[PDB]
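Colleague: 3D, please:
(chains A and B)
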Amino acid sequence: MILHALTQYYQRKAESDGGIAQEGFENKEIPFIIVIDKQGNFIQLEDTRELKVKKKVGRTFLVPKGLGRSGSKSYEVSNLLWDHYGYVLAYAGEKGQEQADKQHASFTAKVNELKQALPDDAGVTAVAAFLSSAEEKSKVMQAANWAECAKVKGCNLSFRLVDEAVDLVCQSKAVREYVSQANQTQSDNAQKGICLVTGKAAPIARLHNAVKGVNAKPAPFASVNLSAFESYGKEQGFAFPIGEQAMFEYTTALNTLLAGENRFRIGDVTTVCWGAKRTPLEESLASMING
RNA sequence: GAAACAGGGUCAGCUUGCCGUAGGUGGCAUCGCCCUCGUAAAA
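Modeller: Residues are numbered from 1 along each chain as shown, chains lettered A, B, ... in the order given. Have a look at this structure:
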């Protein structure tokens, strides 16, 4: 009942003010956010990096998912608004600026289609004009704040537009409904059965969402990657069919648990710990008592 | 839901006195004493 249980807990977190990502997001940490007006052009640069024992990568913002780069044609894929410096600002960082430019090229296009698919939000218009006039930040990326010089702890920056100061353009309502309906449409495009978890016919998710914490590297919960494990011609990640919506559900539930206090990580075997009726008052304890 | 290695090896070694010494001693009557006796045996 592994995956089904994970899904149960995701449902609990969603329904119980747990503030988990809503089917359409990941709580990616933004090292710093560019504050913009209707034209941006470096209205301000806030650095969010101020955090715990180390100078971390910002405040936890349930921004759209990391669409993942996966190497070769990295620049083609670009996260929705929050993204890599070369994608967003076309900051050089190194000779890998040309690719960054291409990164920027697609990121712009992404933002541009974000404007085209979702107009009437000042944020996307703002970032579009921002991309047009990134020179205003071409100085700022060495004027206000820095990216720790290769691709580290300043990378994965994002955009916040002035006049709200607390809500990221990524997590802005308008952009949110866009990304949710987009996750719905692209899902509708793909095949439609069957969930291993909800058991309903639903979009099968290739590339399970790489839950983070058990391995040192964030790792797939279940990714039939190598060719042999590819069992019955389902051939990569359909080998296991799980509803992509439910894929999100459980992978986020697992991520939260793995990052929650419930991680009594005995040596290798990290051990999350649910409660079907969440908050059974033992869930928080179960690590403290076995660890 | 077939085919699938825990694997290919890895001195516990190297070496180290249980020793240097250390009275069983000093010493203490076997004693004090006691009839083999009373006796029957020259065929």
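Colleague: neighbours of residue A:170, just the number please.
Modeller: 26 (other CB atoms under 10 Å). In short, each C-beta sits where N, CA and C put it, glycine included.
Colleague: Quote the end-to-end distance of stretch A:150-158.
Modeller: End-to-end distance for stretch A:150-158: 17 Å, by CA to CA, to the nearest Å.
Colleague: So which residues make contact with that stretch?
Modeller: Here stretch A:150-158 makes contact (CB atoms under 8 Å, 6 or more residues apart in numbering) with A:28-34, A:49, A:55-57, A:61, A:63, A:81-85, A:88-89, A:93-94, A:145-148, A:168-170.
Colleague: same thing with stretch A:206-216?
Modeller: Residues contacting stretch A:206-216 (CB under 8 Å, 6+ apart): A:26, A:65, A:68, A:218-223, A:236-238, A:240, A:242, A:247-248, A:251-252, A:254-255, A:258-259, A:263, A:270.
Colleague: Run through those and flag the ones next to RNA strand B.
Modeller: residue A:240 (CB under 7 Å from any atom of the strand).
Colleague: re the thing from before, return the subset of the contacts of stretch A:150-158 lying in helices.
Modeller: Counted as lying in helices by DSSP state H, out of the contacts of stretch A:150-158, are A:85, A:88.
Colleague: And the contacts of stretch A:150-158, which of them are buried?
Modeller: A:28-34, A:49, A:57, A:61, A:63, A:81-85, A:88-89, A:93, A:145-147, A:168-170 (16 or more other CB atoms under 10 Å).
Colleague: could you pick out which of those residues are near RNA strand B?
Modeller: Answer for the buried ones among the contacts of stretch A:150-158 near RNA strand B: none qualify (CB under 7 Å from any atom of the strand).
Colleague: Up against RNA strand B, what does chain A have?
Modeller: Near RNA strand B, when you scan chain A using CB under 7 Å from any atom of the strand, you find A:228, A:229, A:230, A:231, A:232, A:234, A:239, A:240.
Colleague: ok, now how distant is residue A:288 from residue A:262?
Modeller: Residue A:288 is 10 Å from residue A:262, where distance means CB to CB, to the nearest Å.
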